[PDB]
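I have placed the structure first, in the form of structure tokens, so that the comments after it can refer back to it.
Just so it is clear, the values below take in all heavy atoms, side chains as well, and ignore hydrogens, waters and symmetry mates. Index from 1, following the sequence. Order of appearance sets the numbers: ligands from 1, and atoms from 1 within every ligand.
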Amino acid sequence: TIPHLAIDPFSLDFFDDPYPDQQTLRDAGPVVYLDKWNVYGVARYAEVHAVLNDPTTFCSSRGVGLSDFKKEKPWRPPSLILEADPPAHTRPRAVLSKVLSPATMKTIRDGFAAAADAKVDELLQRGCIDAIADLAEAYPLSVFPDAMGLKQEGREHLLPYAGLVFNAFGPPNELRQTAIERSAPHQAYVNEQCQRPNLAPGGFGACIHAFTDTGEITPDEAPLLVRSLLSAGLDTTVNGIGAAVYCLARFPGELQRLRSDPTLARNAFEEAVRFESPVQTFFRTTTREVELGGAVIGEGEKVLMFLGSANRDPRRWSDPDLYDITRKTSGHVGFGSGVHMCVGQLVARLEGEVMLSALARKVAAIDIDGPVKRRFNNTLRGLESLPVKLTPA
Ligand code: HEM
Ligand SMILES: [Cl-]
């Protein structure tokens, strides 16, 4: 028998304080039934991690949101990559993997680091900044669209585009309804920047499009792959970075450790990703009857994975509720795991690294000073505003 719970993990109350209810999702049993949305979920590390690693049994091609693409109409034409199963996923995955290769990262590290240092310098002149608008938002908007090869005009549509994409994986609540009602201009902006003549030479977009010349992909597939990175590749990194700064604001000890060995920057970032888990949840759909956590679940059933919970499971993590910048963070699910593991993880790490490295060197203290405000989203977890005073080194 599977435990029934009344917890609504897509509700404003849940978002505002998820941690008690997350314990209850874990502690009820390895598999629970969410009364509210009529679906099964798993919130322990072990089940979440095992579900990721068996795409044959737990498919994505039926949507990674509540909606089941076999029975219901997708809100937009499905992602080629996020919403496909091997073998179909493989070709496009390989395409995005080359575009975002370690080697590509080497070519862009220095520019990214330069901006990250310039950015921090600038903020110290001001003293009082908002770590979201001025830092977690400004910094990635300052490097990632250029790196994509996007034109100046229309950029304002990127963050709201992401929000919509991420609201849409959820149940049909007001967050979701409202996002879709207001989708058209964002979609029209992105559909236009996905086109070849609009991506600057040598940027991710053009680089994507080059795969059409070799036959690696069709002229039609290219824009839809550009659309993938315009969906997933900004807002996550905004929330990951905001997580990191939020953490070092709350954990002064850890900041001094980081100041003390700036080479901890990359791992300090990884640890914020675990701890806050920017992307909180994703679904899968069973392709057969399957035993998971000791319960038998039938074919064609949606299963909710609580990535952020898994990342806080005391079964897997020593002292899960602590931000610890030397934690062996290897194994966390914040980026997913297995075939679909975040193909953009290296851009994200690069942003996080250099930002935390610049904060490491240039800043001696980071204090919260003001109302912290949360941003509600069906999938993404993060802040709207985090007012901080930065003390210079
Ligand atoms: C802190 C930042 C980020 C986080 C936490 C994050 C999180 C994730 C997670 C959890 C998955 C797994 C999806 C699944 O299993 O169904 C994923 C996949 C994906 N990510 Fe990210 N991501 C981040 C940044 C980025 C960036 C910078 C890009 C691109 C530039 C990106 C693009 C993608 C794409 C295209 C997929 C689909 C991969 C596939 O299905 O093979 N993400 N991401
Ligand atoms: Cl779209």
Just the distances, no angles: every ligand 1 N or O to protein N or O pair closer than 3.5 Å, one line each.
unit_1	atom_1	unit_2	atom_2	d
ligand 1	15 (O)	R284	NH2	2.7
ligand 1	16 (O)	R284	NH1	3.1
ligand 1	16 (O)	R284	NH2	3.2
ligand 1	40 (O)	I81	O	3.4
ligand 1	40 (O)	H340	ND1	2.5
ligand 1	41 (O)	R93	NH1	2.8

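Across all non-hydrogen atoms, the minimal contact from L25 to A43 is CB-CB, 3.8 Å.
Shown here are the ring-ring contact (aromatic ring centres under 6.0 Å, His included) partners of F169, two or more places apart in sequence or in another chain: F166, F282. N198 is linked by a side chain to side chain donor-acceptor pair (under 3.5 Å) to nothing, counting only residues two or more places apart in sequence or in another chain.
Residues in residues 78-126 take part in these ring pair (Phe, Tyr, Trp, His ring centres under 6.0 Å) pairs, two or more places apart or across chains: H89-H340.
Judged by distance alone, the side chain of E254 and the main-chain N or O of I325 form a donor-acceptor pair under 3.5 Å.
The cationic group of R327 does not satisfy the cation-pi geometry with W317, failing either the under 6.0 Å distance to the six-membered ring centre or the 45° limit from the ring axis.
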